[PDB]
Amino acid sequence: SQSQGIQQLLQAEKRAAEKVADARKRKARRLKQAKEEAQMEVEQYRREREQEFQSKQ
Amino acid sequence: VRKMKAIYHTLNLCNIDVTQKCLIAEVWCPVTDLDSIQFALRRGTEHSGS
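Reading the values: rules and limits
- Residues numbered from 1 in each chain as written, not as in the entry; some residues may be left out.
- Chains lettered and ligands numbered in written order.
- Part of a larger assembly, values for the part shown.
- Heavy atoms only, no water.
- Residues with missing side-chain atoms left out of burial classes, pairs and counts.
- Helix = DSSP H or I, 4+ residues; strand = E, 2+ residues; numbered from the N terminus.
- Rg over C-alpha atoms; globule rule 2.2 N^0.38 Å.

Method-wise, the PDB entry is recorded as coming from cryo-EM, at a reported resolution of 4.0 Å.

Chain B appears in the PDB entry as V-type proton ATPase 116 kDa subunit a isoform 1 from Rattus norvegicus. The title given to this PDB entry is "Mammalian V-ATPase from rat brain - composite model of rotational state 2 bound to ADP and SidK (built from focused refinement models)".

Looking at the PDB entry, chain A carries the name V-type proton ATPase subunit G, with the source organism given as Rattus norvegicus.

Put into C-alpha cells, the structure is as follows:
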C-alpha cells in the first residue's frame, strides 16, 4: 500500500497545484473586470459632474 | 552538537519525497522491538505540534 499512499498524496499535490493556478487565473480575470468596472464608474462620475456643470451654467 | 549533527547525518540518510513535505525511508528494525518503536514514534510525534 506504500505505492498507493504515495499516489494519494501525489493527487493531493496535484489538486494543490491546480488550486493555486486557478486562483492566479481568477486574479487575472478579476483585474480585467476591475478595469472595466472602473471605467463604468468613471462614466457614472462623469454623468454626475456633467449635470453639476449644466446646473451651474 | 555531536547529537544534533548525528541527527542531521541521518536526516541526510533519507529519501526526500516530492508530493509532500515529508520524508519516507526504508528502515529495518527488530520485530522484537516493533511495539517499542511504535510507542517511540508516538512519543516523538506527540511532542511535535503537527
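Next, the rest of the story.
Caption draft 1: Spotlight on the overall build of chain B. Secondary structure summary: chain B contains two helices and two strands in total. The N-to-C order of helical and strand elements in chain B reads α-β-β-α. For chain B, whose C-alpha radius of gyration is 13 Å, the value lies well above the compact-globule estimate of 10 Å for 50 residues. For the C-alpha atoms alone, the extent of chain B along its principal axes is close to 30 × 30 × 25 Å.

Caption draft 2: Examining the overall build of chain A more closely. Per the secondary structure count, chain A includes one helix and zero strands. Taken over C-alpha atoms, the radius of gyration comes to 24 Å for chain A, far larger than the 10 Å a tight globule of 57 residues would show. When its C-alpha atoms are laid out on the principal axes, chain A stretches across 80 × 10 × 5 Å.

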